[PDB]
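Two forms, one protein chain; structure tokens for each follow separately as structure 1 and structure 2.
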Structure 1
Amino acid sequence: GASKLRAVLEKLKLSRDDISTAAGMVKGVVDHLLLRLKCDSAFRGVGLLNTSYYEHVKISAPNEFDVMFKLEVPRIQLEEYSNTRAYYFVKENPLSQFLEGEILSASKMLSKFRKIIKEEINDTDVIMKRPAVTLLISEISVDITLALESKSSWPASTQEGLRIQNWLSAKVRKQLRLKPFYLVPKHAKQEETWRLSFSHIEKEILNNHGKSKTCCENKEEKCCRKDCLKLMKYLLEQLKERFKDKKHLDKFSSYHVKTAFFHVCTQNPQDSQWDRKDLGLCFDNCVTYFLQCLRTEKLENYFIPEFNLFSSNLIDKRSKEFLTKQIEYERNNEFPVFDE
């Protein structure tokens, strides 16, 4: 049972350690691009969220890197687009070079951003492909996202989200909410909107994830929260590949998995509910919660609970039924897709 899941986790771990050289090459290109973006008046304030130089969206693709370059906005003014809760318009300004009226243009900023990188990479066989920019290094992928940074308090749409109060405590929720939030240019299908991003909060939670501060720092306190998440992400990625030729799994992403996972951490706040010896049942409970979300068509954003990731306006019912059928098959046959 769990021995099979553990074998999967061991090969997933080994596959992601052998990236030393690649990681170096990414750091090199990133340092180059940030130094050069800074030569422009608009981008002098660019920088890495944390001096973490990279992340991986797909657990099964260690050669595919993801980085975010952030840019601080001194006094940002947000205005909600069409009642979406997650999509906003952004309103002596080093970005006045891109204001189309009182609105900051996602199209203008990205065009300049893409030009500097294209030019800077024309100076290691690196090619640009049109996540603002995707770079192909040698024949290593690097996705670069541009985000605005705001140190103002979080938008009211997040007021009832991040319900980690019975898990990570009320004190942590307050401290987390004093941190900046980010905006990424993103078409609200309108093209000039920006989407809220709390990716940096999710990272701090996953790496400081127990009620006990010493959770996973000793043998007595080993939990399987991170193992369960990894197994859920790998499940989706493998199914997305088998049917990459079909349209049914195109709208599903690792964001859906993480959101469902955080919701189960809220439901199961005690470390004793995530004991490593119970990897099998904990995983099965995470799969079951995710399936319940697919059948009832409900997956609330962890930070914005009024935004339903699984509504019929985003993903049709047939796609959710197809995914449900595939995961249920895998669950009843001890996940053969893991071995494929």
Structure 2
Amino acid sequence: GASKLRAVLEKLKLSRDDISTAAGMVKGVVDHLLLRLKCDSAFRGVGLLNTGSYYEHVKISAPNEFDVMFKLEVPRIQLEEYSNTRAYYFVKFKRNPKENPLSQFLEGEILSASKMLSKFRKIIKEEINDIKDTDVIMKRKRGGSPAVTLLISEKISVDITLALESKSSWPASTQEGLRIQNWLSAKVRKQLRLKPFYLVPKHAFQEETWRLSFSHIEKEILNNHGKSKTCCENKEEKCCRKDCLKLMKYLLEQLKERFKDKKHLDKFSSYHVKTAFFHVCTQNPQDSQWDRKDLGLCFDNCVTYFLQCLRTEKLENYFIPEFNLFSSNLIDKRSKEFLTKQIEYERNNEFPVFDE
């Protein structure tokens, strides 16, 4: 029963001190990079974005892998959507009132992600080989985001993403997103959409496009997650929302590990499970629908909705509802069918993947 789930959560806590030590290694190298980056013309306004739920600027994505986002204030943003994709954009600047720090990165009117990315890499790689006395090595993956993957003395991998910050109103494609009004309130949705949004270098084939990112809002709604403002602040108001997301992420990690002989699940990520989880929070807005005592039922709610998304081949980005993370363009039909069969078996047999 749910004792099996509570036992899984207890076992995960046993790794708590290890990944808090590794993150202490990440925080030291990232801070070292930020000081170098700020000395550069284009990057003087570079900073650490708040994306982690346990360490302020260091996000845990999976065992021993960390995500970090470097934000750069960029005024006078002008967005042009790339070919109805809803999430990808060309970046232009509001017509010249003197020249911007990023002038070096233009191609005609468009801000070149590859130009900007190349200088980001160079400055960081300088601080990998200028201080070759430290155990860090740098891999470069395909997509522009993550831009740089540092390996710290091996076993500790950290992805570093550059993110443009825009303080402008969110783009039209987000107008019907962030459907939190019945859960976190209209007042909160208004406040959240007054915050900046972010753009990361990413291509859709390849162009000089940027993709929207809302990692800071995601962190804020996960940490301040109750209909009650005092959810999880006292013994009378303990919900299981965070634990359900933890278990869903762990479920997917464990299945991918077991299906490593063929790797049919490599296109699925913790972002898919987190997005599905936010939809289930919208579906079940009351804290009484997440009572600690109901961990088993609540996890079943989360899994059942994830299964529905797989079977219908539809998982809307929580901020951009017309952006389908499960479209056949992104994940082929056979992979979604394959994951459906495995999750369906696990749900129908009380999750034996969690057995000891």
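Only the largest set of C-alpha atoms that superpose within 1.5 Å between the two forms is called the rigid core. Please note that residue numbering is based on structure 1, beginning with 1 at the start of its sequence.
With the core held fixed by superposition, the comparison between the two structures singles out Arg242 as the only member of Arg75, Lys115, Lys174, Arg242 whose CA moves by at least 2 angstroms. Comparing the forms between the two structures on their rigid core, the Cα displacement of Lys325 stays under 2 Å.
After superposition on the rigid core, displacement of the C-alpha of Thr288 between the two structures stays below 2 Å. After superposition on the rigid core, the Cα of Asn63 moves by 2 Å or more between the two structures. With both forms fitted on their core, the C-alpha atom of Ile304 sits 0.7 Å from where it sits in the other form; this compares the forms between the two structures. Core-based alignment between the two structures gives a C-alpha movement of 1.1 Å at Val29. For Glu334, the Cα deviation between the two structures after core superposition amounts to 2.6 Å.
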